[PDB]
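Right, one structure below, let's go through it.
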Number of protein chains: 8
Amino acid sequence: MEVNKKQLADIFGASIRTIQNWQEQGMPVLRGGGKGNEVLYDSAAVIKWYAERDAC
Amino acid sequence: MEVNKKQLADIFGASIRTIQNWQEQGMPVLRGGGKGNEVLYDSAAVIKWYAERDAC
Amino acid sequence: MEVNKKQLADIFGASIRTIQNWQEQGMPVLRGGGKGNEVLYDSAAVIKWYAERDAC
Amino acid sequence: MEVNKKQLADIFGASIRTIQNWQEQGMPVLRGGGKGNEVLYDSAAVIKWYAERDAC
Amino acid sequence: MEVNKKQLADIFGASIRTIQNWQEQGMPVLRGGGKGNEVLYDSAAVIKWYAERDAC
Amino acid sequence: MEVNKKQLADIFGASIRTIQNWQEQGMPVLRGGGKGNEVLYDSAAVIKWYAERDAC
Amino acid sequence: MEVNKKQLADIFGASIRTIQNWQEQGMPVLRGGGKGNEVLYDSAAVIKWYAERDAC
Amino acid sequence: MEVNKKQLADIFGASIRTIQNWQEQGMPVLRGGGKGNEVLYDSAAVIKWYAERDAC
């Protein structure tokens with residue numbers, strides 16, 4: 001599902017700064033409008049990204 | 001995040017049948033009652049369980 | 001007060017499925033204590049949530 | 001005992017999200033460590049903090 | 001979580017004698033299965049009991 | 001690529017303050033975000049903007 | 001020897017995820033300072049625990 | 001801002017030695033140069049590095 005940074009953090013039971021550090025490490029982001037629009041995330045793709053970090 | 005089966009499925013980009021199927025394999029359930037009760041899930045704990053299943 | 005889903009729907013004169021909607025929309029839930037006892041609610045907090053829905 | 005966020009949550013019959021919310025409210029942390037090692041908690045110290053929070 | 005007497009003491013950072021005295025004062029216990037299974041505890045229920053001892 | 005202020009400054013071999021100064025001078029921003037939203041930049045767009053500014 | 005989590009994984013030829021699950025299973029941990037110092041391990045103590053998992 | 005070792009220490013309310021020790025621990029340096037070059041720092045990047053050090 002479509003989530004904002006705050007909603008993503010809550011889904012992971014994590015800090016917002018925990019979210020931002022993951023972004024720096026190549027964590028996927030969705031879209032918006034270009035200046036005047038919050039960063040959006042696909043929870044499914046973030047979960048897949050989190051999982052493949054330590055997949056064999 | 002505390003979510004229902006439909007929400008958890010949305011979060012994972014999965015079918016409800018996949019969530020039921022994960023539960024049968026031992027996926028953690030947060031307070032979820034029995035009868036007259038919808039089940040609540042810890043999205044964060046289900047995500048933890050997910051990654052550790054094919055983790056190294 | 002400490003109420004279950006049945007008691008809460010009762011207090012709101014609503015269907016249980018309606019209570020399940022409010023939960024999916026972000027309505028506050030207590031911390032029961034695991035997959036043994038039901039979801040619990042704080043009636044006071046649910047009322048404030050209900051009221052702050054169209055408080056602006 | 002020394003536990004991770006998921007264990008502390010299991011111990012309290014709570015969500016991982018509830019643990020994070022408690023962390024923001026001043027809930028004691030044993031080994032926050034540093035980005036590289038997850039956060040460790042003193043279950044005894046968290047319980048003492050929980051009990052002192054709604055006590056006379 | 002489901003714990004034995006030794007695990008519950010460690011969770012409380014306490015003496016097993018401390019636990020046995022809580023039992024006498026009415027601290028909640030789980031069930032088992034006729035000769036073999038030790039006394040089991042719901043950590044969540046025990047914390048709830050610990051806190052209610054002088055809650056407002 | 002989509003980067004935060006620190007990453008952009010790292011990419012340019014510049015201080016974060018120079019990035020803020022470029023922002024005030026009309027450097028393109030990708031995700032302005034709400035509050036609690038960090039600012040996201042398009043590295044490719046900031047580079048094009050950089051080259052145009054003293055190009056002949 | 002005294003090692004941090006990254007160092008113990010390398011000693012074991014393992015992922016960080018593997019070390020964390022062992023911790024969850026009761027693998028010994030040292031002490032520190034209180035949220036600042038990383039989790040520390042006694043390699044000797046950890047090896048004894050690894051071996052005693054199915055020593056006769 | 002771009003500041004020298006003495007300025008950064010003053011900004012942090014810290015000893016120059018602490019700054020050196022943070023440098024050994026991986027703290028970002030801006031204009032480092034070689035010899036006949038004193039070290040410049042991005043105060044904004046050092047602050048970010050500081051906060052994420054014991055952040056969740």
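Chain identifiers are assigned as A, B, and so on, following the order in which chains appear in the structure tokens; residues are numbered from 1 within each chain, and ligands are numbered from 1 in order of appearance.
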Any idea which chain F residues end up within 8 Å of chain H if we count only C-alpha atoms, as a PDB file with N, CA and C atoms, in the first residue's frame please?
ATOM      1  N   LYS F   6      22.323  15.674   2.552  1.00  0.00           N
ATOM      2  CA  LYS F   6      23.689  15.199   2.866  1.00  0.00           C
ATOM      3  C   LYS F   6      24.288  14.485   1.641  1.00  0.00           C
ATOM      4  N   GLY F  13      30.806  17.255  -3.582  1.00  0.00           N
ATOM      5  CA  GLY F  13      32.004  17.593  -2.802  1.00  0.00           C
ATOM      6  C   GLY F  13      31.854  18.976  -2.222  1.00  0.00           C
ATOM      7  N   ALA F  14      30.670  19.259  -1.704  1.00  0.00           N
ATOM      8  CA  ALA F  14      30.288  20.577  -1.190  1.00  0.00           C
ATOM      9  C   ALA F  14      29.759  20.426   0.226  1.00  0.00           C
ATOM     10  N   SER F  15      29.717  21.548   0.948  1.00  0.00           N
ATOM     11  CA  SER F  15      29.069  21.647   2.283  1.00  0.00           C
ATOM     12  C   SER F  15      27.549  21.700   2.114  1.00  0.00           C
ATOM     13  N   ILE F  16      26.817  21.234   3.119  1.00  0.00           N
ATOM     14  CA  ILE F  16      25.321  21.282   3.187  1.00  0.00           C
ATOM     15  C   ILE F  16      24.837  22.734   3.071  1.00  0.00           C
ATOM     16  N   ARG F  17      25.579  23.684   3.623  1.00  0.00           N
ATOM     17  CA  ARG F  17      25.255  25.131   3.590  1.00  0.00           C
ATOM     18  C   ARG F  17      25.276  25.639   2.156  1.00  0.00           C
TER      19      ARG F  17
END
Chain G least-squares fitted onto chain E over all paired C-alpha atoms, as a PDB file with N, CA and C atoms, in the first residue's frame:
ATOM      1  N   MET G   1       4.809 -13.388  26.740  1.00  0.00           N
ATOM      2  CA  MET G   1       5.162 -14.723  26.258  1.00  0.00           C
ATOM      3  C   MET G   1       5.004 -15.802  27.351  1.00  0.00           C
ATOM      4  N   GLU G   2       4.960 -17.071  26.907  1.00  0.00           N
ATOM      5  CA  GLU G   2       4.855 -18.266  27.764  1.00  0.00           C
ATOM      6  C   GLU G   2       6.239 -18.581  28.331  1.00  0.00           C
ATOM      7  N   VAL G   3       6.355 -18.603  29.655  1.00  0.00           N
ATOM      8  CA  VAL G   3       7.649 -18.768  30.361  1.00  0.00           C
ATOM      9  C   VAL G   3       7.495 -19.681  31.584  1.00  0.00           C
ATOM     10  N   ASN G   4       8.563 -20.364  31.942  1.00  0.00           N
ATOM     11  CA  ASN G   4       8.637 -21.138  33.208  1.00  0.00           C
ATOM     12  C   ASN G   4       9.127 -20.215  34.303  1.00  0.00           C
ATOM     13  N   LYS G   5       9.129 -20.719  35.518  1.00  0.00           N
ATOM     14  CA  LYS G   5       9.427 -19.887  36.702  1.00  0.00           C
ATOM     15  C   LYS G   5      10.821 -19.240  36.637  1.00  0.00           C
ATOM     16  N   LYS G   6      11.849 -19.950  36.171  1.00  0.00           N
ATOM     17  CA  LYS G   6      13.234 -19.437  36.082  1.00  0.00           C
ATOM     18  C   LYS G   6      13.254 -18.274  35.103  1.00  0.00           C
ATOM     19  N   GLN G   7      12.536 -18.414  34.005  1.00  0.00           N
ATOM     20  CA  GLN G   7      12.488 -17.426  32.931  1.00  0.00           C
ATOM     21  C   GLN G   7      11.753 -16.164  33.398  1.00  0.00           C
ATOM     22  N   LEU G   8      10.676 -16.300  34.183  1.00  0.00           N
ATOM     23  CA  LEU G   8       9.906 -15.128  34.659  1.00  0.00           C
ATOM     24  C   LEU G   8      10.741 -14.317  35.667  1.00  0.00           C
ATOM     25  N   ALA G   9      11.469 -14.980  36.567  1.00  0.00           N
ATOM     26  CA  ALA G   9      12.385 -14.330  37.531  1.00  0.00           C
ATOM     27  C   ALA G   9      13.397 -13.473  36.764  1.00  0.00           C
ATOM     28  N   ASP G  10      14.055 -14.035  35.748  1.00  0.00           N
ATOM     29  CA  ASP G  10      15.054 -13.308  34.936  1.00  0.00           C
ATOM     30  C   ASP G  10      14.388 -12.102  34.249  1.00  0.00           C
ATOM     31  N   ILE G  11      13.134 -12.258  33.830  1.00  0.00           N
ATOM     32  CA  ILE G  11      12.388 -11.195  33.111  1.00  0.00           C
ATOM     33  C   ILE G  11      12.183 -10.050  34.094  1.00  0.00           C
ATOM     34  N   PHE G  12      11.906 -10.401  35.349  1.00  0.00           N
ATOM     35  CA  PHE G  12      11.706  -9.460  36.472  1.00  0.00           C
ATOM     36  C   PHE G  12      13.003  -9.062  37.183  1.00  0.00           C
ATOM     37  N   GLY G  13      14.127  -9.662  36.838  1.00  0.00           N
ATOM     38  CA  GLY G  13      15.422  -9.413  37.480  1.00  0.00           C
ATOM     39  C   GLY G  13      15.366  -9.835  38.947  1.00  0.00           C
ATOM     40  N   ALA G  14      14.680 -10.934  39.236  1.00  0.00           N
ATOM     41  CA  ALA G  14      14.321 -11.324  40.611  1.00  0.00           C
ATOM     42  C   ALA G  14      14.715 -12.764  40.909  1.00  0.00           C
ATOM     43  N   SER G  15      14.722 -13.099  42.185  1.00  0.00           N
ATOM     44  CA  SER G  15      14.878 -14.468  42.702  1.00  0.00           C
ATOM     45  C   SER G  15      13.579 -15.255  42.529  1.00  0.00           C
ATOM     46  N   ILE G  16      13.735 -16.565  42.442  1.00  0.00           N
ATOM     47  CA  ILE G  16      12.639 -17.549  42.369  1.00  0.00           C
ATOM     48  C   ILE G  16      11.756 -17.352  43.597  1.00  0.00           C
ATOM     49  N   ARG G  17      12.371 -17.144  44.757  1.00  0.00           N
ATOM     50  CA  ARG G  17      11.647 -16.931  46.034  1.00  0.00           C
ATOM     51  C   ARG G  17      10.646 -15.781  45.885  1.00  0.00           C
ATOM     52  N   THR G  18      11.004 -14.729  45.151  1.00  0.00           N
ATOM     53  CA  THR G  18      10.153 -13.545  44.930  1.00  0.00           C
ATOM     54  C   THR G  18       8.940 -13.939  44.094  1.00  0.00           C
ATOM     55  N   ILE G  19       9.163 -14.727  43.058  1.00  0.00           N
ATOM     56  CA  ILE G  19       8.063 -15.176  42.159  1.00  0.00           C
ATOM     57  C   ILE G  19       7.066 -16.005  42.961  1.00  0.00           C
ATOM     58  N   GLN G  20       7.561 -16.910  43.771  1.00  0.00           N
ATOM     59  CA  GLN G  20       6.714 -17.822  44.574  1.00  0.00           C
ATOM     60  C   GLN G  20       5.812 -17.031  45.527  1.00  0.00           C
ATOM     61  N   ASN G  21       6.332 -16.014  46.182  1.00  0.00           N
ATOM     62  CA  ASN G  21       5.556 -15.207  47.151  1.00  0.00           C
ATOM     63  C   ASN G  21       4.459 -14.440  46.414  1.00  0.00           C
ATOM     64  N   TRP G  22       4.733 -13.997  45.194  1.00  0.00           N
ATOM     65  CA  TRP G  22       3.742 -13.309  44.334  1.00  0.00           C
ATOM     66  C   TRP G  22       2.591 -14.263  43.989  1.00  0.00           C
ATOM     67  N   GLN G  23       2.930 -15.505  43.711  1.00  0.00           N
ATOM     68  CA  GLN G  23       1.968 -16.582  43.398  1.00  0.00           C
ATOM     69  C   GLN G  23       1.012 -16.759  44.583  1.00  0.00           C
ATOM     70  N   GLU G  24       1.595 -16.788  45.767  1.00  0.00           N
ATOM     71  CA  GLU G  24       0.915 -16.867  47.077  1.00  0.00           C
ATOM     72  C   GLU G  24       0.025 -15.641  47.289  1.00  0.00           C
ATOM     73  N   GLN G  25       0.364 -14.515  46.669  1.00  0.00           N
ATOM     74  CA  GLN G  25      -0.399 -13.242  46.768  1.00  0.00           C
ATOM     75  C   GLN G  25      -1.433 -13.103  45.662  1.00  0.00           C
ATOM     76  N   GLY G  26      -1.501 -14.046  44.741  1.00  0.00           N
ATOM     77  CA  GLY G  26      -2.575 -14.169  43.733  1.00  0.00           C
ATOM     78  C   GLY G  26      -2.130 -13.905  42.313  1.00  0.00           C
ATOM     79  N   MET G  27      -0.824 -13.802  42.089  1.00  0.00           N
ATOM     80  CA  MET G  27      -0.243 -13.579  40.743  1.00  0.00           C
ATOM     81  C   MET G  27      -0.685 -14.711  39.816  1.00  0.00           C
ATOM     82  N   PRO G  28      -1.194 -14.371  38.612  1.00  0.00           N
ATOM     83  CA  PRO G  28      -1.685 -15.348  37.659  1.00  0.00           C
ATOM     84  C   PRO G  28      -0.698 -16.439  37.201  1.00  0.00           C
ATOM     85  N   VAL G  29      -1.245 -17.643  37.070  1.00  0.00           N
ATOM     86  CA  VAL G  29      -0.563 -18.867  36.576  1.00  0.00           C
ATOM     87  C   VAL G  29      -1.329 -19.452  35.381  1.00  0.00           C
ATOM     88  N   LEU G  30      -0.601 -19.993  34.415  1.00  0.00           N
ATOM     89  CA  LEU G  30      -1.197 -20.693  33.246  1.00  0.00           C
ATOM     90  C   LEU G  30      -1.620 -22.098  33.646  1.00  0.00           C
ATOM     91  N   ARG G  31      -1.773 -22.989  32.659  1.00  0.00           N
ATOM     92  CA  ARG G  31      -2.014 -24.436  32.902  1.00  0.00           C
ATOM     93  C   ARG G  31      -0.837 -25.265  32.364  1.00  0.00           C
ATOM     94  N   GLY G  32      -1.078 -26.571  32.199  1.00  0.00           N
ATOM     95  CA  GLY G  32      -0.076 -27.606  31.882  1.00  0.00           C
ATOM     96  C   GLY G  32      -0.728 -28.943  31.583  1.00  0.00           C
ATOM     97  N   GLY G  33      -0.162 -30.011  32.167  1.00  0.00           N
ATOM     98  CA  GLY G  33      -0.493 -31.416  31.891  1.00  0.00           C
ATOM     99  C   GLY G  33      -1.000 -32.158  33.112  1.00  0.00           C
ATOM    100  N   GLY G  34      -0.469 -31.859  34.289  1.00  0.00           N
ATOM    101  CA  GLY G  34      -0.814 -32.573  35.533  1.00  0.00           C
ATOM    102  C   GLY G  34       0.365 -33.372  36.058  1.00  0.00           C
ATOM    103  N   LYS G  35       1.339 -32.678  36.656  1.00  0.00           N
ATOM    104  CA  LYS G  35       2.449 -33.274  37.442  1.00  0.00           C
ATOM    105  C   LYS G  35       3.461 -33.916  36.492  1.00  0.00           C
ATOM    106  N   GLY G  36       4.410 -33.116  36.010  1.00  0.00           N
ATOM    107  CA  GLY G  36       5.301 -33.471  34.888  1.00  0.00           C
ATOM    108  C   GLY G  36       5.708 -32.225  34.138  1.00  0.00           C
ATOM    109  N   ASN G  37       4.715 -31.500  33.642  1.00  0.00           N
ATOM    110  CA  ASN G  37       4.941 -30.158  33.084  1.00  0.00           C
ATOM    111  C   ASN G  37       5.094 -29.208  34.268  1.00  0.00           C
ATOM    112  N   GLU G  38       6.095 -28.343  34.172  1.00  0.00           N
ATOM    113  CA  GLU G  38       6.397 -27.270  35.150  1.00  0.00           C
ATOM    114  C   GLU G  38       5.238 -26.284  35.206  1.00  0.00           C
ATOM    115  N   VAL G  39       5.251 -25.443  36.228  1.00  0.00           N
ATOM    116  CA  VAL G  39       4.322 -24.293  36.313  1.00  0.00           C
ATOM    117  C   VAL G  39       4.720 -23.340  35.191  1.00  0.00           C
ATOM    118  N   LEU G  40       3.729 -22.863  34.457  1.00  0.00           N
ATOM    119  CA  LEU G  40       3.901 -21.923  33.336  1.00  0.00           C
ATOM    120  C   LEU G  40       3.224 -20.597  33.683  1.00  0.00           C
ATOM    121  N   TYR G  41       3.758 -19.526  33.122  1.00  0.00           N
ATOM    122  CA  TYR G  41       3.238 -18.159  33.293  1.00  0.00           C
ATOM    123  C   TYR G  41       3.139 -17.444  31.940  1.00  0.00           C
ATOM    124  N   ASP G  42       2.120 -16.593  31.845  1.00  0.00           N
ATOM    125  CA  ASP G  42       1.928 -15.602  30.770  1.00  0.00           C
ATOM    126  C   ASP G  42       2.585 -14.336  31.260  1.00  0.00           C
ATOM    127  N   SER G  43       3.728 -13.969  30.676  1.00  0.00           N
ATOM    128  CA  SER G  43       4.492 -12.797  31.137  1.00  0.00           C
ATOM    129  C   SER G  43       3.593 -11.551  31.104  1.00  0.00           C
ATOM    130  N   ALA G  44       2.840 -11.414  30.014  1.00  0.00           N
ATOM    131  CA  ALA G  44       1.952 -10.268  29.796  1.00  0.00           C
ATOM    132  C   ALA G  44       1.001 -10.175  30.994  1.00  0.00           C
ATOM    133  N   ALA G  45       0.375 -11.288  31.340  1.00  0.00           N
ATOM    134  CA  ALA G  45      -0.641 -11.354  32.422  1.00  0.00           C
ATOM    135  C   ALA G  45      -0.010 -10.994  33.778  1.00  0.00           C
ATOM    136  N   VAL G  46       1.211 -11.481  34.020  1.00  0.00           N
ATOM    137  CA  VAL G  46       1.958 -11.251  35.271  1.00  0.00           C
ATOM    138  C   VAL G  46       2.310  -9.766  35.399  1.00  0.00           C
ATOM    139  N   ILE G  47       2.751  -9.148  34.305  1.00  0.00           N
ATOM    140  CA  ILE G  47       3.114  -7.712  34.261  1.00  0.00           C
ATOM    141  C   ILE G  47       1.861  -6.895  34.553  1.00  0.00           C
ATOM    142  N   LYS G  48       0.715  -7.251  33.986  1.00  0.00           N
ATOM    143  CA  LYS G  48      -0.531  -6.500  34.265  1.00  0.00           C
ATOM    144  C   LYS G  48      -0.844  -6.577  35.770  1.00  0.00           C
ATOM    145  N   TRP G  49      -0.653  -7.744  36.375  1.00  0.00           N
ATOM    146  CA  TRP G  49      -0.916  -7.972  37.812  1.00  0.00           C
ATOM    147  C   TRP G  49       0.064  -7.170  38.670  1.00  0.00           C
ATOM    148  N   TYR G  50       1.335  -7.128  38.286  1.00  0.00           N
ATOM    149  CA  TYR G  50       2.403  -6.375  38.976  1.00  0.00           C
ATOM    150  C   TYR G  50       2.026  -4.895  38.998  1.00  0.00           C
ATOM    151  N   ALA G  51       1.617  -4.365  37.862  1.00  0.00           N
ATOM    152  CA  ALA G  51       1.258  -2.941  37.709  1.00  0.00           C
ATOM    153  C   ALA G  51      -0.020  -2.599  38.477  1.00  0.00           C
ATOM    154  N   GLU G  52      -1.015  -3.477  38.474  1.00  0.00           N
ATOM    155  CA  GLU G  52      -2.345  -3.225  39.079  1.00  0.00           C
ATOM    156  C   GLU G  52      -2.273  -3.317  40.603  1.00  0.00           C
ATOM    157  N   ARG G  53      -1.160  -3.800  41.152  1.00  0.00           N
ATOM    158  CA  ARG G  53      -0.919  -3.838  42.623  1.00  0.00           C
ATOM    159  C   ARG G  53      -1.090  -2.450  43.248  1.00  0.00           C
ATOM    160  N   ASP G  54      -0.659  -1.380  42.575  1.00  0.00           N
ATOM    161  CA  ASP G  54      -0.927   0.002  43.075  1.00  0.00           C
ATOM    162  C   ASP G  54      -1.168   0.990  41.922  1.00  0.00           C
ATOM    163  N   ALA G  55      -1.778   0.539  40.823  1.00  0.00           N
ATOM    164  CA  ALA G  55      -2.396   1.425  39.810  1.00  0.00           C
ATOM    165  C   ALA G  55      -3.538   2.125  40.541  1.00  0.00           C
ATOM    166  N   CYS G  56      -3.840   3.355  40.146  1.00  0.00           N
ATOM    167  CA  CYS G  56      -4.733   4.276  40.887  1.00  0.00           C
ATOM    168  C   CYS G  56      -6.184   3.790  40.773  1.00  0.00           C
TER     169      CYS G  56
END
Practice item. Run DSSP on the backbone of this structure and report the residues of chain F it assigns to strand (DSSP E), as an NGL selection string. Key: :F and (2-3 or 41-42)
* Return as number ranges by chain the full set of residues in chain D whose backbone-based DSSP assignment is alpha helix (DSSP H). => D: 5-12, 16-24, 43-51
